[PDB]
Amino acid sequence: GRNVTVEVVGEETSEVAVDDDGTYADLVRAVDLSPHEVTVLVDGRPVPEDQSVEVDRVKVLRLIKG
Numbered sequence: 003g004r005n006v007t008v009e010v011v012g013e014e015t016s017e018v019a020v021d022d023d024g025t026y027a028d029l030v031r032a033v034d035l036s037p038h039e040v041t042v043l044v045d046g047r048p049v050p051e052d053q054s055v056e057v058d059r060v061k062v063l064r065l066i067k068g
């Protein structure tokens, strides 16, 4: 959304405002950590720091073909 809940595992959970073009890197800096020092996880799977929090474009790839 604009506020995203950020859980620093084993430490504090807080709400962080993120801009429309914000990245996970921005979420990490907002909780006073460095992205190089951490892994960011969305539903238990890691995401790269430079990825946009809001998804505007998706690719769908057929497993078979056509």
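In this note's numbering, the protein residues as written are 3 to 68.
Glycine included, C-beta positions come from ideal geometry on N, C-alpha and C.
request  = Return the CA-CA distance between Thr15 and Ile66, expressed in angstroms with no decimal places.
outcome  = 43 Å
ask   = What are the start and end residues of the alpha helix (DSSP H) that includes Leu29?
value = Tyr26 to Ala32
ask   = Which residue from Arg59, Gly3 and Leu63 puts its Cα closest to that of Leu29?
value = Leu29 has its Cα closest to that of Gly3, out of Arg59, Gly3 and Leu63.
inquiry  = Using C-beta distances below 7 Å, list every residue in its chain close to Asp22, excluding the 5 sequence neighbours before and after it, in chain order.
reply    = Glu56
inquiry  = Quick check on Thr41: buried or exposed, where buried means 16 or more other Cβ atoms within 10 Å of its Cβ?
reply    = Burial call: exposed.
query = When DSSP labels each residue in this structure, what does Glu56 get in the three-state scheme?
reply = coil
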